[PDB]
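Every chain is numbered from 1, with letters handed out A, B, ... down the list of sequences. Heavy-atom basis, side chains included; hydrogens, waters and symmetry copies ignored.
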Amino acid sequence: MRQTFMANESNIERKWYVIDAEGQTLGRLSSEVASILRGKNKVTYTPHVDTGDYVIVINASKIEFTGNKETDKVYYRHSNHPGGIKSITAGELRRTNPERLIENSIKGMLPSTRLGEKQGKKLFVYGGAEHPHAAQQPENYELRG
Amino acid sequence: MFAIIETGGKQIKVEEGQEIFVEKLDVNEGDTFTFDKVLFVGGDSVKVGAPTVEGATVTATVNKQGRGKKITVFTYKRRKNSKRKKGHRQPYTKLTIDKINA
Amino acid sequence: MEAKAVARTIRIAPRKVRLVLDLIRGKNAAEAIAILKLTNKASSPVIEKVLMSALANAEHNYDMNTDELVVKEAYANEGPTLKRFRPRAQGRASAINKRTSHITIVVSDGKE
Amino acid sequence: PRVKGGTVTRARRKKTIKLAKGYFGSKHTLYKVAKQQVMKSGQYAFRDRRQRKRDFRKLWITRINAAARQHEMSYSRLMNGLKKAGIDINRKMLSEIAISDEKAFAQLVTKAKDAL
Amino acid sequence: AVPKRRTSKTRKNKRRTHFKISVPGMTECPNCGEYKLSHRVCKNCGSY
Amino acid sequence: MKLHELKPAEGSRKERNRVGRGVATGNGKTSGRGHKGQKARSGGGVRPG
RNA sequence: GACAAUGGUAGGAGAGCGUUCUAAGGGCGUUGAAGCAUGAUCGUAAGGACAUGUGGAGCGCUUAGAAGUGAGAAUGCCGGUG
RNA sequence: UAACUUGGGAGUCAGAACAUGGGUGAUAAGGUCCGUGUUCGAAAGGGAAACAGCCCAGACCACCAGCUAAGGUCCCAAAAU
RNA sequence: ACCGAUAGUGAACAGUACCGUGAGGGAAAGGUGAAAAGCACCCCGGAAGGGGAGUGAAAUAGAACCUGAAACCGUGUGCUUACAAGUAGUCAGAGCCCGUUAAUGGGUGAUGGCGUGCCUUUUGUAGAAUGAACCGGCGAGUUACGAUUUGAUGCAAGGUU
Ligand SMILES: [Mg+2]
Ligand SMILES: [Mg+2]
Ligand SMILES: [Mg+2]
Ligand SMILES: [Mg+2]
Ligand SMILES: [Mg+2]
Ligand SMILES: [Mg+2]
Ligand SMILES: [Mg+2]
Ligand SMILES: [Mg+2]
Ligand SMILES: [Mg+2]
Ligand SMILES: [Mg+2]
Ligand SMILES: [Mg+2]
Ligand SMILES: [Mg+2]
Ligand SMILES: [Mg+2]
Ligand SMILES: [Mg+2]
Ligand SMILES: [Mg+2]
Ligand SMILES: [Mg+2]
Ligand SMILES: [Mg+2]
Ligand SMILES: [Mg+2]
Ligand SMILES: [Mg+2]
Ligand SMILES: [Mg+2]
Ligand SMILES: [Mg+2]
Ligand SMILES: [Mg+2]
Ligand SMILES: [Mg+2]
Ligand SMILES: [Mg+2]
Ligand SMILES: [Mg+2]
Ligand SMILES: [Mg+2]
Ligand SMILES: [Mg+2]
Ligand SMILES: [Mg+2]
Ligand SMILES: [Mg+2]
Ligand SMILES: [Mg+2]
Ligand SMILES: [Mg+2]
Ligand SMILES: [Mg+2]
Ligand SMILES: [Mg+2]
Ligand SMILES: [Mg+2]
Ligand SMILES: [Mg+2]
Ligand SMILES: [Mg+2]
Ligand SMILES: [Mg+2]
Ligand SMILES: [Mg+2]
Ligand SMILES: [Mg+2]
Ligand SMILES: [Mg+2]
Ligand SMILES: [Mg+2]
Ligand SMILES: [Mg+2]
Ligand SMILES: [Mg+2]
Ligand SMILES: [Mg+2]
Ligand SMILES: [Mg+2]
Ligand SMILES: [Mg+2]
Ligand SMILES: [Mg+2]
Ligand SMILES: [Mg+2]
Ligand SMILES: [Mg+2]
Ligand SMILES: [Mg+2]
Ligand SMILES: [Mg+2]
Ligand SMILES: [Mg+2]
Ligand SMILES: [Mg+2]
Ligand SMILES: [Mg+2]
Ligand SMILES: [Mg+2]
């Protein structure tokens, strides 16, 4: 157990980025963002602490789909009551609460641990081009397509 | 200032003045050992050996031929009356790097 | 310093005596007498008889001032049980435990 | 002559109880259940001394892959071209240079990049 | 009708966290005596 | 010799086999018998011939 | 110094650890034996020493011999405790 | 690099899946009965989501060293958006 | 080269307590100290119990009297815990406390990876197949006489009672 750097608190630096979502497909945007939040682009990645940083998605009403999966691709849900299966289509969520469309796609790509829940709270999603977080001074980030 | 040597079956990153822990050499305490394979020198001037820097030794002095802490090896098969138990202490040498070359 | 007094082989069971015994620890002695005269458990006049004995040892054996004393410790340990029987029905019997207790309280003035 | 089983049974049982400090609840007091756990924890440790050499090699590659993409390289094309250049440095040593000395890491990137 | 497992020491002790007892009212006998119970009559060791 | 130094001739003695004492001796549980049938019972087996 | 081998149930073979007792030799003990408790010690394993507290009179080592010689389970027996 | 003879000491006589050649059955059965191979039994490790019998492969013990097999390289999750 | 109080007689203090209409069956229960010098006297308390004092080498040797394990019950505390899905650990690992048979030390453990108990029976059991509430003690290839094969030793066309 000779010599290997392990990250720590008082050791890590988190910053703020801004992605815009217009003209991007849903899953190919979301796979890029979920690796930012885990910190897998830092050279000091360590699996048991939270390195990785904050992401803001600002357009989120111009997310595209391919094929016919805006009338198909239903989202199911059960209320733990008998016969309580409920559903909504993907095109329905786009016109009504589109922020929950994107943040459900991204949190499904994160692990279900205690740390994975805490990393998913670093996501902020808004419909339309404004966000409140001008105090934290975020940067632009283009997707490495 | 910065060196990568190759000893045992593995590689060590050294700076002059520190202590290292290496699989057992065949010298005595207080002797001076020299390392021969050097793969990379950093610091102010950078030399990259392919595979070796062709020169560039590292001298070090020897302390404390020792044995590691005992681990216990134990395994068993579940419904079958079979198991075994044995101990192990791995040997090592401690050295202090005192001078670098290029 | 510290004074103590114990009462050994008290016929009340130890779970029953630890309930009232938790009200009085950490408190000074004048409040602790007032509490034990106003809780209507069966254990209360037995603890109160013991706390009187420990206060009297501090005055007589050690010459402390009884006006400012505090209860450091109060606890109850198990004694030996008495084993009885009770006939139930269809020729069968059942066992019954008569528990006992050792009660100990110490009292101090908080100084060395 | 009669030999009665005195004092050899406690001495065997106590060093199994003592070998189970810190276990939850009943598993650090009772002999039959502590023995059964100490057998299990020896089997785990044998398994995990082998996976420890896998976990750390996976951690090293993840950091090299992050550091190479700041120079527009995959992990795959870095260590392809690093082999053809003739470099024989570890994953462990290559991960420590990228954390400590970024300026030295960028220099052997170029020697791998022009060997392709 | 019968318990399937024994109950451990922790689960027994978590159950009787409310199995407690409270302190009584404890007013004072102002005329002469020690403490009495609230809204009661200081008959013995009391003049109120 | 002396009465505190005597040793037997080499290869004269062997310790005998105790059977049925724990797993690691090799004859622990079933004590050499194998699992069931008439030959595994006490006083079992059948007459010669 | 090289070369090779070393998963394993019924089961076969080999080497060993400990317990009680006996003979001989040589030793320890009220300046504290055996037992009990704690500890970050040694040995490839079974296991062996040291120190400190309790305890208040017997006990190890070497070689050999002899056995009521080693328990986690038998809806096992007996006692204590839940 | 085995084989054979003589002698001492055993345990075994409930077998299973897969592929393949056939009977029986209904070109039904995780069926049943024979032949030929592998594995399990008595075999951990990697893959097949999980999964005795399937694919790769046979654990003397340390190591925070490297090359590969079957299967794989968007995120969960290591490697080519 | 027999036992040492679950042993050895059923019985170290009994064919008694006890069970049965009766023939009959049948236990459990040893140890103060060298000496009783077996706690005068004072205090709390109705007493029982206790604190002092005193005897004694020792009273955590006070008659429930040698030593006093474990289960089990409690009181204090150093580190931790009220968004979390569990065969309870193991490998990695900050932060906080301490300081050893002094050595690449000890205690706790935010967080991450891996992970379906033990025996027996079975083709095959995490198994919703069996058994075990926990701790302690006891509890199962022996001996005699013959046979046959190995090894050792002595003598040898002889050997042996
Ligand atoms: Mg009464
Ligand atoms: Mg009746
Ligand atoms: Mg004896
Ligand atoms: Mg025994
Ligand atoms: Mg490997
Ligand atoms: Mg409680
Ligand atoms: Mg043998
Ligand atoms: Mg065997
Ligand atoms: Mg067994
Ligand atoms: Mg046999
Ligand atoms: Mg059997
Ligand atoms: Mg059979
Ligand atoms: Mg048979
Ligand atoms: Mg019979
Ligand atoms: Mg092998
Ligand atoms: Mg083997
Ligand atoms: Mg044998
Ligand atoms: Mg002493
Ligand atoms: Mg003895
Ligand atoms: Mg004496
Ligand atoms: Mg025996
Ligand atoms: Mg039993
Ligand atoms: Mg036949
Ligand atoms: Mg058959
Ligand atoms: Mg079949
Ligand atoms: Mg078929
Ligand atoms: Mg076949
Ligand atoms: Mg079988
Ligand atoms: Mg095989
Ligand atoms: Mg396997
Ligand atoms: Mg798997
Ligand atoms: Mg499948
Ligand atoms: Mg298996
Ligand atoms: Mg490769
Ligand atoms: Mg391939
Ligand atoms: Mg996962
Ligand atoms: Mg990846
Ligand atoms: Mg008797
Ligand atoms: Mg005794
Ligand atoms: Mg009568
Ligand atoms: Mg009797
Ligand atoms: Mg009196
Ligand atoms: Mg004592
Ligand atoms: Mg007693
Ligand atoms: Mg004596
Ligand atoms: Mg005693
Ligand atoms: Mg919380
Ligand atoms: Mg898991
Ligand atoms: Mg069956
Ligand atoms: Mg079961
Ligand atoms: Mg169940
Ligand atoms: Mg049962
Ligand atoms: Mg038992
Ligand atoms: Mg012969
Ligand atoms: Mg002859």
Enquirer: Can you figure out if G:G68 has a north or south sugar, judging by whether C1'-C2'-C3'-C4' is positive or negative?
Expert: south
Enquirer: Within the 3.5 Å criterion, strictly below it, is a donor on D:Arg12 or D:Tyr31 matched to an acceptor on the partner's side chain?
Expert: yes
Enquirer: Going by Watson-Crick or G-U wobble geometry, both distances under 3.5 Å, is I:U120 a partner of I:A129?
Expert: yes
Enquirer: Determine the sugar pucker of G:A37: a positive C1'-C2'-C3'-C4' angle counts as north, a negative one as south.
Expert: north
Enquirer: When the nearest nucleotide of RNA chain G is assigned to D:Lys32 and to B:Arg84 on a heavy-atom basis, which residue is associated with the more 5' position?
Expert: B:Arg84
Enquirer: Using the glycosidic torsion, which applies to G:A10: syn (within 90° of 0) or anti (everything else)?
Expert: syn
Enquirer: I want to know if H:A10 and H:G11 are stacked - that is, whether their six-membered base rings have centres under 5.5 Å apart and planes under 30 degrees.
Expert: yes
Enquirer: What are the residues of residues 37-49 of chain F, sorted by number, that bring a heavy atom to within less than 4.0 Å of RNA chain G?
Expert: none
Enquirer: Does the side-chain ring of B:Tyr92 lie flat on the base of I:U104, meaning centres under 5.5 Å and planes less than 30 degrees apart?
Expert: no
Enquirer: OG1/E:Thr10 to NZ/E:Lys12 distance, rounded to the nearest 0.5 angstrom?
Expert: 10.0 Å
Enquirer: Pairing defined as Watson-Crick or G-U wobble with both contacts under 3.5 Å. Yes or no for I:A27 and I:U122?
Expert: no
Enquirer: Is the glycosidic torsion of I:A5 within 90° of 0, making it syn, or is it anti?
Expert: anti
Enquirer: Quick one: on RNA chain H, does D:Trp60 or A:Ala34 contact a more 5' nucleotide (nearest heavy atom)?
Expert: D:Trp60
Enquirer: Please state whether the phosphate of I:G112, meaning OP1 or OP2, lies under 4.0 angstrom from any side-chain nitrogen or oxygen of D:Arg52.
Expert: no
Enquirer: Does B:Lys69 place a side-chain N or O at less than 4.0 Å from the phosphate oxygens OP1/OP2 of I:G106?
Expert: yes
Enquirer: Just wondering, do B:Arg84 and B:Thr75 contact through their side chains at under 4.5 Å, heavy atoms?
Expert: yes
Enquirer: Output yes when A:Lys107 and A:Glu117 qualify as a salt bridge under the 4.0 Å nitrogen-oxygen rule, no when they do not.
Expert: no
Enquirer: Do the side-chain N or O atoms of F:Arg21 get closer than 4.0 angstrom to the phosphate oxygens (OP1, OP2) of I:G141?
Expert: yes
Enquirer: Quick one: is F:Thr30 getting a side-chain N or O under 4.0 Å of the G:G11 phosphate, OP1 or OP2?
Expert: yes
Enquirer: Enumerate the residues from residues 40-50 of chain A whose closest heavy atom to RNA chain G is under 4.0 Å, giving them by residue number; use none for an empty result.
Expert: none
Enquirer: Taking 4.0 Å as the cut-off, does a side-chain nitrogen or oxygen of D:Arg12 come that near to OP1 or OP2 on G:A71?
Expert: yes
Enquirer: When you measure from the side chain of A:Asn41 to the backbone of A:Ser35, do you find a donor-acceptor pair of N or O atoms at a distance under 3.5 Å?
Expert: no
Enquirer: Which way is the base of G:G70 turned, syn or anti, if we draw the line at 90° from 0?
Expert: anti
Enquirer: Using side-chain heavy atoms (C-beta onward) and a distance below 4.5 Å, is D:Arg57 in contact with D:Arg54?
Expert: no
Enquirer: Does the pair H:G22 and H:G23 meet both stacking conditions, six-membered ring centres under 5.5 angstrom and ring planes under 30°?
Expert: yes
Enquirer: Is a salt bridge present between A:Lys122 and A:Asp50, judged by a nitrogen-to-oxygen distance below 4.0 Å?
Expert: yes
Enquirer: Between F:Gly26 and D:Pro1, which has a closest nucleotide on RNA chain G that is more 5'?
Expert: F:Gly26
Enquirer: Work out how far the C1' atom of H:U24 is from that of H:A29, and round it to whole angstrom.
Expert: 13 Å
Enquirer: Mind checking if A:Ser35 touches a base, just sugar-phosphate, or nothing, with heavy atoms under 4.0 Å?
Expert: nothing
Enquirer: In whole Å, measure the gap between the P atoms of I:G31 and I:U100 for me.
Expert: 45 Å
Enquirer: Major or minor groove for B:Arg79? Use side-chain heavy atoms and a distance below 5.0 angstrom to the groove-defining base atoms.
Expert: major
Enquirer: Quick one: classify the glycosidic conformation of I:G141 as syn or anti, with syn meaning within 90° of 0.
Expert: syn
Enquirer: P atom, G:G65 versus G:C78: distance in rounded Å?
Expert: 43 Å
Enquirer: At less than 4.0 Å, is any side-chain N or O atom of C:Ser53 found next to OP1 or OP2 of I:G50? Yes or no.
Expert: no
Enquirer: Taking only the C1' atom of each, what is the distance from H:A52 to H:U38 in whole angstrom?
Expert: 15 Å
Enquirer: What stem regions, each of at least 3 consecutive Watson-Crick or G-U pairs below 3.5 Å, can be found for RNA chain G?
Expert: G:19-25 with G:61-67, G:35-39 with G:50-54, G:76-81 with I:133-138
Enquirer: Taking I:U80 first: does it form a Watson-Crick or wobble pair with I:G127, both atom distances below 3.5 Å?
Expert: no
Enquirer: Just checking A:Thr4: base, sugar-phosphate only, or nothing, at a heavy-atom cut-off of under 4.0 Å?
Expert: base
Enquirer: Write down the distance between CD (D:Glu72) and P (H:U81), rounded to a whole number of angstrom.
Expert: 13 Å
Enquirer: With rounding to whole Å, what would you report as the distance between I:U60 and I:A29 at their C1' atoms?
Expert: 27 Å
Enquirer: Could you tell me whether the side-chain ring of D:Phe56 sits stacked on the base of H:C64, using a centroid cut-off under 5.5 Å and a plane angle under 30°?
Expert: yes
Enquirer: Is there a side-chain polar atom (N or O) of D:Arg13 under 4.0 Å from OP1 or OP2 of I:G136?
Expert: yes
Enquirer: Under 3.5 Å for both distances, do we get a Watson-Crick or G-U wobble pair between I:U123 and I:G26?
Expert: no
